[PDB]
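One chain comes next, on its own, written out as structure tokens in the form deposited without ligand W55.
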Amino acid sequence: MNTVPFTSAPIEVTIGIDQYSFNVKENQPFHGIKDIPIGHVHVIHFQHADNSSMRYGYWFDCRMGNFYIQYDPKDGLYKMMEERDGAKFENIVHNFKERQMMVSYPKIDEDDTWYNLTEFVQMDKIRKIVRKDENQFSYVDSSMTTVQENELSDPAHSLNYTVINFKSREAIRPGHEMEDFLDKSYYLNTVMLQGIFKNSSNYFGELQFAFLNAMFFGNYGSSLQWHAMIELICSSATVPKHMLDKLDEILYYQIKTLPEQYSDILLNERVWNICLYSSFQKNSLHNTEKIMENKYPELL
């Protein structure tokens, strides 16, 4: 069970750890988060009490190193940093725990929500979408644009999601125009699965990461990517059976976790209506269709 200690909390802030969150008051004696489950990627995120922008966070995996948060008063944010000195870190964490200055990652034993949302998400794939190779953790925020968004400006601070464009030469074989446009199986199975992702696990990893960035940061480009990757499977007549059964599980837990009050901005009417009611896979997503119908029947 790993720990992300904090130097201090000099500014009032809502702190998120995965699907949990808690309010810290300006100069509250808060020294971090303990009992973080090993074996999964985690996100720690921030929203300053004084700012309706400034919404940002760090993807990390405690197996890759010792990570702490320290407020930077020049750049005005909580920064993740790696501590390379193992014994200094262990001694800092031990003091803070003895003085009970750390909140406990509040996981219910019965509860597989976080595993279900991150089943295919790997830190090494996150680091290729985010790109800051001097750090073992990845910064994301509300405003970061995707490579696709920038094609339609600063490349260093972009989300490098796989570009998906249904009206592109990549998506459409010469002489198979109607076939490839109405049935995206070629584009899904040959171009994207066999060609770019190599396997369904990498494809699902990027889909899950896109969803989490959309939900935790309200990142518009991540939301567009999540919907595109769903629509590309739903618009394919030929999908491996295991991929369809797994997609149904992935989307079920994403819809289950979505805050009710964000379903108006985070869910695209056209995509969901197409996927559940018109597409080739309209009868393949039983769990996802039942939760969407019971939770968001207006959207549809």
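Start at 1 with the first residue shown and count on from there.
The form solved in complex with ligand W55 is left out here; the points below concern that form.
Next on the checklist: Does any part of residue 92 reach within 4.5 Å of ligand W55 in the deposited bound form? Heavy atoms only, please.
Outcome noted: The answer is yes: residue 92 has a heavy atom within 4.5 Å of ligand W55.
Item to check | Touches ligand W55 in the deposited bound form: residue 183 (any heavy atom, 4.5 Å) | outcome: Close contact is absent here: in the deposited bound form, residue 183 is far from ligand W55, nothing within 4.5 Å, heavy atoms only.
Next on the checklist: I'd like to know whether residue 2 contacts ligand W55 in the deposited bound form, with contact meaning heavy atoms within 4.5 angstroms.
Outcome noted: It does not: once ligand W55 is placed as it appears in the deposited bound form, residue 2 has no heavy atom within 4.5 Å of it.
Checklist entry - Is every one of 6, 68 and 88 in contact with ligand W55 in the deposited bound form, taking contact as a heavy atom within 4.5 Å? => result Spot residues vs ligand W55: full contact, yes.
Item to check | Stretch 111 to 135 - residues with a heavy atom within 4.5 Å of ligand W55 in the deposited bound form | outcome: Read in sequence order, no residue approaches ligand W55 (within 4.5 Å, in the deposited bound form).
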